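Trainee: The following block contains the structure, expressed as C-alpha cells.
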Amino acid sequence: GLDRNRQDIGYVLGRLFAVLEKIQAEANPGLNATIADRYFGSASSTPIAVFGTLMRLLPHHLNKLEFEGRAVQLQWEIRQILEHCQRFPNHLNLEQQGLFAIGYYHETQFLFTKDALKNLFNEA
Amino acid sequence: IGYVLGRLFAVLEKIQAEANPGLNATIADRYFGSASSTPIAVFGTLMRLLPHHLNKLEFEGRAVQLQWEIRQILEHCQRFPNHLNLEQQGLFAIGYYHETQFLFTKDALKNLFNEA
Amino acid sequence: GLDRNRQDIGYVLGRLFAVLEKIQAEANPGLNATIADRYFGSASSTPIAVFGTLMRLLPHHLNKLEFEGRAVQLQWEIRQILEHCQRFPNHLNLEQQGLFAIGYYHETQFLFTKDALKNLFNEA
Amino acid sequence: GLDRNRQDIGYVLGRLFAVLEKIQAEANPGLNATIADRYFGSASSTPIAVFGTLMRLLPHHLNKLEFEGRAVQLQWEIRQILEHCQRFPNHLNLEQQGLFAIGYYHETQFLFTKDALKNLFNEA
Amino acid sequence: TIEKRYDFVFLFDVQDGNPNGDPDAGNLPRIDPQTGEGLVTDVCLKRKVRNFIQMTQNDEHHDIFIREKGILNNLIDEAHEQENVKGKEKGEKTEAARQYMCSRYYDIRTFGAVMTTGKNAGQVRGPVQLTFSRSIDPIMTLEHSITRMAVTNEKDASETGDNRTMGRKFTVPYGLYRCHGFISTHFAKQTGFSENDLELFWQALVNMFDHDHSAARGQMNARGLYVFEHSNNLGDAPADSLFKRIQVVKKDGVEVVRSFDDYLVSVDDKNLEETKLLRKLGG
RNA sequence: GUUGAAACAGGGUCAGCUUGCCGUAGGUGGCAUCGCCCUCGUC
DNA sequence: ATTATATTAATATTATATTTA
C-alpha cells in the first residue's frame, strides 16, 4: 500500500519525514522524544523550516547506526522518494496537507516490514 | 475512502484516551463535526496531535502497536478526500465504531500486531 | 529526477555539496565521519564559511581517488552545476533552504547510478 | 555561466587561480600533484603569498606548452580577468571567500570548452 | 476604569537567540514560510509582563498567576470560598466571583484567564488584547548547534567514553518584530482596569526585556512604543491606516539589517492629530 | 369471438425564520566541537 | 449505559581524462 510514482509533493514529503523518523528510531531504541514528537507539528505547513534541520541531522543519524549498509539503503530510499520532489514548497494545500500524512504512514508501513525495502534496493 | 477514515478517527480517539484517562474535551468532541464531512481539515491536525499522544503513553509498546495498526488502516487510503459523501459519512461512523470496539476487546490489537 | 536548468541558488548549492560528499565517499570506502556529518549542519545557512574549506579540500579528495578520469568527470559535473551559481550568498532564504536539500539529494541520486553521469559527460 | 564584468575581487582572484591551474594541467597531462592540491588551501585567505609564486611559475608553465599561441591566449585571458583586479588584498571577506571559489569554477568551466576562449580572444 | 482607546505600536527585536520558538517545529522561532518574516506570539510578551509584575510588586489585589506550582482549580476553589460561597444563586454568583477575581487578579484584569473549570465563575472578555508580532525584513535562521560533555539518562546512547548530548540551540541575528495591539473600554469598565493598572502595564511592556532573559532567548530589547490615545469610546478612523502611518522599511542600499543603524522608522504624525494623541515611552 | 372489462397519486407546500469557537495560555530548565596533530622527510 | 494498558526493524547505492594554434 504505497504509490512511489504518484508525482505528488505531499506524498514524497510525507515519505521523507517517515524515513527520517525511521532512521532516528533505528539510531537508538531507547529514544524518548523523537522528531515526530516535535518536528511533525509543522512539517506539512512549513516544510522548508523543519526539513532543513532534518537533512542537517540526517547524516549524523546515519552515522549513529551500528550497520553502515542500513544507512546506505536508507539514503537510497530517501533519494528514490525525493526523485519526484522537485522543490520544497512554502506551504502545502489542504489536499497536499492530507497527502503528507498519507505518504508518511504509507512509507512507515513499507519500512516496518520483513523483506520489502531490501528487496526494492536489490533491484537498483 | 470513508471506512478506513472512520477507523482512523477511532484509533486516534483511543490513543488520546489512553494518553489522558480523565478526558473532558476529547479530540472527538472537537473534531468529529468535520471529520465525518471534511477529512483534509480534521486529519490535517489530528495526525499532528497523534505523535504527541503516542509519546505521552507510559507504555511505549502500546504506542508502537497503535502506530502499526494506524499504518495498516491508512494503507488502504491512497489520499485524503476533499469531502465525504452521505454514504461516506455512514462508512466513517461504521468504521469508527468497528475500530473502537476492536481496540476495546480482550486480546485483539496485540494478536493483530504479533502477526506482522 | 533532477533539474539542471532551474537557475536556483539553493539547487546548485545542494548539488555542489552532494557531489562533494560523493567525492569524499569515493576517496575512501572506510570513512567514519564524512563532511555531511559536520559540514552540512551549516551548509544551507552559512555557505561561504563551509564551501571555502570544501573547495580547498576538493583537489586533495580528487587526487586521493584511484582513478584520474573519475576526478575529471566529477570536476566536470561540479562546474556544470556551478554554471548557474553566479555567487555564493551569505544566507539562504527558507525556500532556498529547502531547495538546498532538494538539490543535494537529487544530485546524490543522479550520481549513485549505473550509466548516467558518464553518459552526460560523454555529450560535452 | 561566467560574469566577467562583476568588478568583484574574489571573482577575478578565483578566475586567475582557475586559469593558472588550467595552464599547469596543459603543461603536462601526466601531472600528479597540481597547484590546486597545495596552493588552493590558502589562495582565498592569503592570496599575496601564493599568487606571487603563481605569477613566478606562470611564464615557465607557458613556455612548457607545446603550442605558443595557446600561451598567448592564456595570458590574454589572464589579463582580461585581472583588469578588474586593481590590487591583491591581504585577506578576503566571507562573501569574497565564496566568490573566490565561484569565479574559480566558473572560469574552469569556461576554459574547458570547445569554442569559447578562442572565440572571445578573436574579438580583441 | 479607563475611558480612552489606546492603539500602541510595540516594536522589539532580538540580538542573538531564540525569542518566540516553536509552533511545534523542534526549537526554531515562528517564521513566515512564504516570505521569511519572523513572528512572535503575544503570550510571550504577556508572560514577560507577568514576570515583571511578580518581581516589581509583591502585594495583594494584584495577583500574578503563579508558575508551575499553581493548579487553576485550586485557585478557583480558594477564590470561591470568600464572599459568595453559596448564598448567591449560581447565576449571579459566577458574575460576582468573576468581579472579585478581576479586582484581585492582575493578569485576568489586563488580559484574561479560564475560570470555567470545576466551580464555574464565568469568563473575562479582556480589555487589552495584544496580537501576534511580525517582522518586515525576511529574517534567516542561524541554527547554532552546541554540545554538552555530560549525558542525561543512562540509556544505551551513553557510550563508555565521552558521555555527550549535543542537540541544537537556534539563534536569530535580527528582526524588528512589529507588534500590534488594541485596548478597549467597555470590558475595562467591567473588569476594573483603572488608569494605574494601565500605567503599570505600560511600564511592564517597556521594561520587560531587561529582566526576563535566558540563554535560549539571548538578548532582546524593545525599540519604541507609540501609543495612539483616542478621545472617546467611538471609532474615528480605521486602525489599519493608523498603524500603517508608522511604517518600518529598509534604509539605503543594504540587503539585510543588523542593528538600529540599518532601519529607518518613518514616523510622520500628520493626519493623526484630529481627535487622537501620541506618546513615546520606549522610543 | 359470448367470459374482468374502465381505473391518478393527486391537484401542491421556501424548513426555517438564526446563533461570536470561543473566552487564552513562556518550548521550556541549559548544554565547551571538543579533548590533538612537524608539512613534511629533501633535492 | 464499559471496554483497554506494554516495542514493528535494521548489514553498502557508486566509482575510468572536458581542453589545449
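Labels for the C-alpha cells follow display order: chains A, B, ..., residues from 1 in each chain, ligands from 1.
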Find the residues near residue 2 of chain G: any atom within 12 Å, counting only C-alpha atoms (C1' of nucleotides), skip ones fewer than 3 places away on the same chain, and give them as a tab-separated table (two decimals) with N, CA, C and O atoms, in the first residue's frame.

Mentor:
```tsv
chain	number	residue	atom	x	y	z
B	100	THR	N	-13.25	1.15	17.31
B	100	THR	CA	-13.28	1.46	18.74
B	100	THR	C	-13.76	0.28	19.57
B	100	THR	O	-13.47	0.24	20.77
B	101	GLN	N	-14.46	-0.67	18.97
B	101	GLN	CA	-14.81	-1.89	19.70
B	101	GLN	C	-13.79	-3.00	19.48
B	101	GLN	O	-13.66	-3.89	20.34
B	104	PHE	N	-11.10	-2.18	22.08
B	104	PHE	CA	-11.54	-2.44	23.44
B	104	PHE	C	-11.87	-3.91	23.68
B	104	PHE	O	-12.58	-4.23	24.64
B	105	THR	N	-11.38	-4.80	22.82
B	105	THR	CA	-11.56	-6.23	23.00
B	105	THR	C	-10.43	-6.79	23.87
B	105	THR	O	-9.44	-6.12	24.15
```

Trainee: Extract the full set of alpha helix (DSSP H) residues from chain D according to DSSP on the backbone, and format it as a ChimeraX atom specification.

Mentor: /D:9-27,47-64,68-82,94-111,117-122

Trainee: Taking only C-alpha atoms into account, find every residue of chain C that has an atom no more than 7 Å from chain A, and write it out as a list in words.

Mentor: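 Contact residues on the first chain: residues 1, 36, 37, 40, 41, 94, 95, 97, 98, 99, 101, 102, 105, 106 and 109 of chain C.
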
Trainee: Counting only C-alpha atoms (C1' of nucleotides), which residue out of B:52, B:7, B:30, B:14 sits closest to chain F?

Mentor: B:30

Trainee: Just checking: using only C-alpha atoms (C1' of nucleotides), which residue out of D:42, D:93, D:34, D:28 ends up closest to chain G?

Mentor: D:28

Trainee: What are the residues of chain C lining chain G at 10 Å or less? Count only C-alpha atoms (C1' of nucleotides), and put the answer as JSON, numbers by chain.

Mentor: {"C": [22, 23, 25, 26, 27, 29, 65, 66, 67, 68, 69, 70, 71, 72, 73, 75, 76, 108, 109, 111, 112, 113, 114, 118, 121, 122, 123, 124]}

Trainee: Generate the output file for the selected residues, N, CA and C atoms, as an mmCIF file, in the first residue's frame.

Mentor:
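Final file, selection-v5.cif:
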```
data_model
loop_
_atom_site.group_PDB
_atom_site.id
_atom_site.type_symbol
_atom_site.label_atom_id
_atom_site.label_comp_id
_atom_site.auth_asym_id
_atom_site.auth_seq_id
_atom_site.Cartn_x
_atom_site.Cartn_y
_atom_site.Cartn_z
ATOM 1 N N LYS C 22 29.934 12.935 -2.363
ATOM 2 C CA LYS C 22 30.195 11.756 -3.183
ATOM 3 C C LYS C 22 31.688 11.571 -3.420
ATOM 4 N N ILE C 23 32.405 12.666 -3.677
ATOM 5 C CA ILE C 23 33.846 12.580 -3.885
ATOM 6 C C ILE C 23 34.546 12.134 -2.608
ATOM 7 N N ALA C 25 33.282 10.309 -0.233
ATOM 8 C CA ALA C 25 32.970 8.900 -0.022
ATOM 9 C C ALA C 25 33.758 8.005 -0.971
ATOM 10 N N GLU C 26 33.941 8.443 -2.219
ATOM 11 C CA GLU C 26 34.722 7.669 -3.176
ATOM 12 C C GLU C 26 36.211 7.695 -2.863
ATOM 13 N N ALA C 27 36.682 8.706 -2.129
ATOM 14 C CA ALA C 27 38.099 8.772 -1.784
ATOM 15 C C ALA C 27 38.514 7.614 -0.886
ATOM 16 N N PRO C 29 36.416 4.109 1.042
ATOM 17 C CA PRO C 29 35.177 3.447 1.480
ATOM 18 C C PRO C 29 35.064 3.319 2.988
ATOM 19 N N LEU C 65 41.592 9.802 -5.177
ATOM 20 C CA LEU C 65 40.895 8.778 -5.940
ATOM 21 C C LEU C 65 41.884 7.910 -6.707
ATOM 22 N N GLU C 66 41.572 6.616 -6.802
ATOM 23 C CA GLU C 66 42.437 5.690 -7.522
ATOM 24 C C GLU C 66 42.373 5.893 -9.030
ATOM 25 N N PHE C 67 41.276 6.443 -9.543
ATOM 26 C CA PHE C 67 41.102 6.691 -10.967
ATOM 27 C C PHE C 67 41.133 8.190 -11.224
ATOM 28 N N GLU C 68 41.946 8.609 -12.195
ATOM 29 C CA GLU C 68 42.065 10.030 -12.502
ATOM 30 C C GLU C 68 40.923 10.524 -13.380
ATOM 31 N N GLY C 69 40.386 9.666 -14.251
ATOM 32 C CA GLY C 69 39.252 10.065 -15.066
ATOM 33 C C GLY C 69 37.993 10.295 -14.257
ATOM 34 N N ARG C 70 37.832 9.560 -13.153
ATOM 35 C CA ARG C 70 36.695 9.796 -12.271
ATOM 36 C C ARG C 70 36.741 11.201 -11.687
ATOM 37 N N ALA C 71 37.926 11.650 -11.266
ATOM 38 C CA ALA C 71 38.062 13.008 -10.749
ATOM 39 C C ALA C 71 37.766 14.041 -11.829
ATOM 40 N N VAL C 72 38.152 13.751 -13.074
ATOM 41 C CA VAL C 72 37.864 14.665 -14.178
ATOM 42 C C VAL C 72 36.359 14.778 -14.389
ATOM 43 N N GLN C 73 35.664 13.638 -14.403
ATOM 44 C CA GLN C 73 34.210 13.656 -14.554
ATOM 45 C C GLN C 73 33.543 14.389 -13.395
ATOM 46 N N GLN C 75 34.849 16.809 -11.476
ATOM 47 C CA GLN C 75 35.065 18.244 -11.640
ATOM 48 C C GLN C 75 34.197 18.806 -12.760
ATOM 49 N N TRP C 76 34.012 18.033 -13.833
ATOM 50 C CA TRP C 76 33.166 18.479 -14.934
ATOM 51 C C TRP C 76 31.731 18.692 -14.471
ATOM 52 N N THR C 108 22.638 13.563 -5.408
ATOM 53 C CA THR C 108 23.124 12.301 -4.857
ATOM 54 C C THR C 108 22.485 11.114 -5.571
ATOM 55 N N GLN C 109 21.176 11.191 -5.832
ATOM 56 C CA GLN C 109 20.505 10.127 -6.571
ATOM 57 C C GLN C 109 21.022 10.036 -8.001
ATOM 58 N N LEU C 111 23.974 10.801 -9.029
ATOM 59 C CA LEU C 111 25.345 10.303 -9.030
ATOM 60 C C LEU C 111 25.396 8.809 -8.729
ATOM 61 N N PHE C 112 24.666 8.360 -7.708
ATOM 62 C CA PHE C 112 24.651 6.938 -7.386
ATOM 63 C C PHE C 112 23.797 6.168 -8.386
ATOM 64 N N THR C 113 24.261 6.075 -9.630
ATOM 65 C CA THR C 113 23.544 5.384 -10.691
ATOM 66 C C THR C 113 24.534 4.608 -11.550
ATOM 67 N N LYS C 114 23.993 3.724 -12.388
ATOM 68 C CA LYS C 114 24.818 2.904 -13.267
ATOM 69 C C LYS C 114 25.413 3.743 -14.390
ATOM 70 N N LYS C 118 28.349 9.423 -16.504
ATOM 71 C CA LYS C 118 29.260 9.231 -17.629
ATOM 72 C C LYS C 118 28.560 9.500 -18.955
ATOM 73 N N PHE C 121 28.471 13.161 -19.312
ATOM 74 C CA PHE C 121 29.815 13.671 -19.565
ATOM 75 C C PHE C 121 30.262 13.392 -20.993
ATOM 76 N N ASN C 122 29.778 12.303 -21.595
ATOM 77 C CA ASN C 122 30.171 11.977 -22.962
ATOM 78 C C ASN C 122 29.646 12.999 -23.962
ATOM 79 N N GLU C 123 28.522 13.646 -23.658
ATOM 80 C CA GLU C 123 27.948 14.662 -24.541
ATOM 81 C C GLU C 123 28.395 16.060 -24.107
ATOM 82 N N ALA C 124 29.710 16.254 -24.120
ATOM 83 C CA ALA C 124 30.299 17.531 -23.737
ATOM 84 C C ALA C 124 31.620 17.764 -24.464
#
```

Trainee: Residues at most 12 Å from residue 59 of chain B, counting only C-alpha atoms (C1' of nucleotides), excluding those fewer than 2 positions away in the same chain, as a list in words?

Mentor: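 So, after excluding close chain neighbours, the residues are residues 32 of chain A; 15, 18, 19, 53, 54, 55, 56, 57, 61, 62, 63, 64, 65 and 66 of chain B; 5, 6 and 7 of chain G.
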
Trainee: For the selection just defined, write its residues with N, CA and C atoms (P, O5', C5', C4', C3', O3' and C1' of nucleotides) to a file, as a PDB file, in the first residue's frame.

Mentor:
```
ATOM      1  N   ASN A  32      13.236   8.737  23.781  1.00  0.00           N
ATOM      2  CA  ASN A  32      12.037   9.246  24.446  1.00  0.00           C
ATOM      3  C   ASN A  32      11.245  10.157  23.511  1.00  0.00           C
TER       4      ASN A  32
ATOM      5  N   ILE B  15      -6.121   6.369  21.169  1.00  0.00           N
ATOM      6  CA  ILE B  15      -4.789   6.765  21.614  1.00  0.00           C
ATOM      7  C   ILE B  15      -4.874   7.986  22.522  1.00  0.00           C
ATOM      8  N   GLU B  18      -6.119   6.764  25.897  1.00  0.00           N
ATOM      9  CA  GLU B  18      -5.057   6.071  26.617  1.00  0.00           C
ATOM     10  C   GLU B  18      -4.009   7.046  27.133  1.00  0.00           C
ATOM     11  N   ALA B  19      -3.811   8.166  26.436  1.00  0.00           N
ATOM     12  CA  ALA B  19      -2.891   9.192  26.918  1.00  0.00           C
ATOM     13  C   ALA B  19      -3.460   9.901  28.141  1.00  0.00           C
ATOM     14  N   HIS B  53       0.474  12.300  21.422  1.00  0.00           N
ATOM     15  CA  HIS B  53      -0.294  11.358  22.230  1.00  0.00           C
ATOM     16  C   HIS B  53       0.441  10.032  22.374  1.00  0.00           C
ATOM     17  N   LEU B  54       1.134   9.600  21.318  1.00  0.00           N
ATOM     18  CA  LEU B  54       1.899   8.359  21.393  1.00  0.00           C
ATOM     19  C   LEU B  54       3.086   8.502  22.337  1.00  0.00           C
ATOM     20  N   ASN B  55       3.749   9.660  22.314  1.00  0.00           N
ATOM     21  CA  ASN B  55       4.844   9.909  23.245  1.00  0.00           C
ATOM     22  C   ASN B  55       4.340  10.052  24.675  1.00  0.00           C
ATOM     23  N   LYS B  56       3.104  10.526  24.850  1.00  0.00           N
ATOM     24  CA  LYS B  56       2.528  10.648  26.183  1.00  0.00           C
ATOM     25  C   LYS B  56       2.236   9.293  26.814  1.00  0.00           C
ATOM     26  N   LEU B  57       2.088   8.245  26.007  1.00  0.00           N
ATOM     27  CA  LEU B  57       1.767   6.926  26.537  1.00  0.00           C
ATOM     28  C   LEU B  57       2.902   6.406  27.409  1.00  0.00           C
ATOM     29  N   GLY B  61       5.350   0.183  24.057  1.00  0.00           N
ATOM     30  CA  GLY B  61       4.895  -0.894  23.192  1.00  0.00           C
ATOM     31  C   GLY B  61       3.453  -0.719  22.757  1.00  0.00           C
ATOM     32  N   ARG B  62       2.613  -0.179  23.641  1.00  0.00           N
ATOM     33  CA  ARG B  62       1.237   0.122  23.260  1.00  0.00           C
ATOM     34  C   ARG B  62       1.194   1.164  22.150  1.00  0.00           C
ATOM     35  N   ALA B  63       2.000   2.221  22.275  1.00  0.00           N
ATOM     36  CA  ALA B  63       2.074   3.226  21.220  1.00  0.00           C
ATOM     37  C   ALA B  63       2.606   2.624  19.926  1.00  0.00           C
ATOM     38  N   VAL B  64       3.539   1.676  20.033  1.00  0.00           N
ATOM     39  CA  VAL B  64       4.072   1.010  18.846  1.00  0.00           C
ATOM     40  C   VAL B  64       2.973   0.224  18.141  1.00  0.00           C
ATOM     41  N   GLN B  65       2.193  -0.538  18.910  1.00  0.00           N
ATOM     42  CA  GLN B  65       1.097  -1.308  18.327  1.00  0.00           C
ATOM     43  C   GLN B  65       0.052  -0.392  17.700  1.00  0.00           C
ATOM     44  N   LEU B  66      -0.257   0.724  18.364  1.00  0.00           N
ATOM     45  CA  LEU B  66      -1.246   1.652  17.825  1.00  0.00           C
ATOM     46  C   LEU B  66      -0.743   2.314  16.546  1.00  0.00           C
TER      47      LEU B  66
ATOM     48  P    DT G   5      -5.156  -3.939  25.595  1.00  0.00           P
ATOM     49  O5'  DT G   5      -4.022  -2.810  25.585  1.00  0.00           O
ATOM     50  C5'  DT G   5      -4.163  -1.658  26.405  1.00  0.00           C
ATOM     51  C4'  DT G   5      -2.883  -1.371  27.167  1.00  0.00           C
ATOM     52  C3'  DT G   5      -2.316  -2.563  27.938  1.00  0.00           C
ATOM     53  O3'  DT G   5      -1.222  -3.131  27.222  1.00  0.00           O
ATOM     54  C1'  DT G   5      -2.854  -0.809  29.443  1.00  0.00           C
ATOM     55  P    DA G   6      -0.975  -4.719  27.249  1.00  0.00           P
ATOM     56  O5'  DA G   6      -0.250  -5.022  25.854  1.00  0.00           O
ATOM     57  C5'  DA G   6       1.133  -5.361  25.824  1.00  0.00           C
ATOM     58  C4'  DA G   6       1.988  -4.131  25.578  1.00  0.00           C
ATOM     59  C3'  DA G   6       3.481  -4.404  25.449  1.00  0.00           C
ATOM     60  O3'  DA G   6       3.811  -4.673  24.091  1.00  0.00           O
ATOM     61  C1'  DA G   6       3.131  -2.688  27.037  1.00  0.00           C
ATOM     62  P    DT G   7       5.080  -5.593  23.736  1.00  0.00           P
ATOM     63  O5'  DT G   7       5.939  -4.695  22.729  1.00  0.00           O
ATOM     64  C5'  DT G   7       5.360  -4.240  21.511  1.00  0.00           C
ATOM     65  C4'  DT G   7       6.416  -3.653  20.591  1.00  0.00           C
ATOM     66  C3'  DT G   7       7.658  -4.527  20.388  1.00  0.00           C
ATOM     67  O3'  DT G   7       7.969  -4.614  19.004  1.00  0.00           O
ATOM     68  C1'  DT G   7       8.292  -2.346  21.038  1.00  0.00           C
TER      69       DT G   7
END
```

Trainee: Would you mind telling me which residue in E:130, E:102, E:72, E:149 lies nearest to residue 116 of chain E when using only C-alpha atoms?

Mentor: E:72

Trainee: Residues of chain B near chain E: apply a cut-off of 12 Å, count only C-alpha atoms, and supply the list as a PyMOL selection string.

Mentor: chain B and resi 24-25+45+48-49+51-52

Trainee: Quick one: write out the picked residues with N, CA and C atoms as a PDB file, in the first residue's frame?

Mentor:
```
ATOM      1  N   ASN B  24     -11.946  15.323  29.137  1.00  0.00           N
ATOM      2  CA  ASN B  24     -13.165  16.121  29.123  1.00  0.00           C
ATOM      3  C   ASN B  24     -13.529  16.570  27.714  1.00  0.00           C
ATOM      4  N   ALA B  25     -12.682  17.374  27.080  1.00  0.00           N
ATOM      5  CA  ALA B  25     -12.898  17.832  25.713  1.00  0.00           C
ATOM      6  C   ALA B  25     -11.957  17.073  24.782  1.00  0.00           C
ATOM      7  N   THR B  45      -4.739  18.012  11.195  1.00  0.00           N
ATOM      8  CA  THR B  45      -4.249  18.363  12.519  1.00  0.00           C
ATOM      9  C   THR B  45      -4.270  17.196  13.495  1.00  0.00           C
ATOM     10  N   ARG B  48      -1.099  15.503  13.318  1.00  0.00           N
ATOM     11  CA  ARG B  48      -0.096  16.270  14.047  1.00  0.00           C
ATOM     12  C   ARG B  48      -0.177  16.001  15.545  1.00  0.00           C
ATOM     13  N   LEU B  49      -1.393  15.969  16.095  1.00  0.00           N
ATOM     14  CA  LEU B  49      -1.558  15.722  17.524  1.00  0.00           C
ATOM     15  C   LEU B  49      -1.262  14.276  17.907  1.00  0.00           C
ATOM     16  N   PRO B  51       1.385  11.975  17.215  1.00  0.00           N
ATOM     17  CA  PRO B  51       2.682  11.566  17.782  1.00  0.00           C
ATOM     18  C   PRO B  51       2.896  12.054  19.202  1.00  0.00           C
ATOM     19  N   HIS B  52       2.346  13.216  19.556  1.00  0.00           N
ATOM     20  CA  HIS B  52       2.436  13.678  20.935  1.00  0.00           C
ATOM     21  C   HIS B  52       1.639  12.777  21.870  1.00  0.00           C
TER      22      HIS B  52
END
```

Trainee: Please provide as a ChimeraX atom specification all residues within 6 Å of residue 29 of chain E, with the sequence filter that same-chain residues fewer than 5 positions apart are discarded (counting only C-alpha atoms (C1' of nucleotides)).

Mentor: /E:20-22

Trainee: Specify as a PyMOL selection string all residues of chain F found within 10 Å of chain E, counting only C-alpha atoms (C1' of nucleotides).

Mentor: chain F and resi 23-35
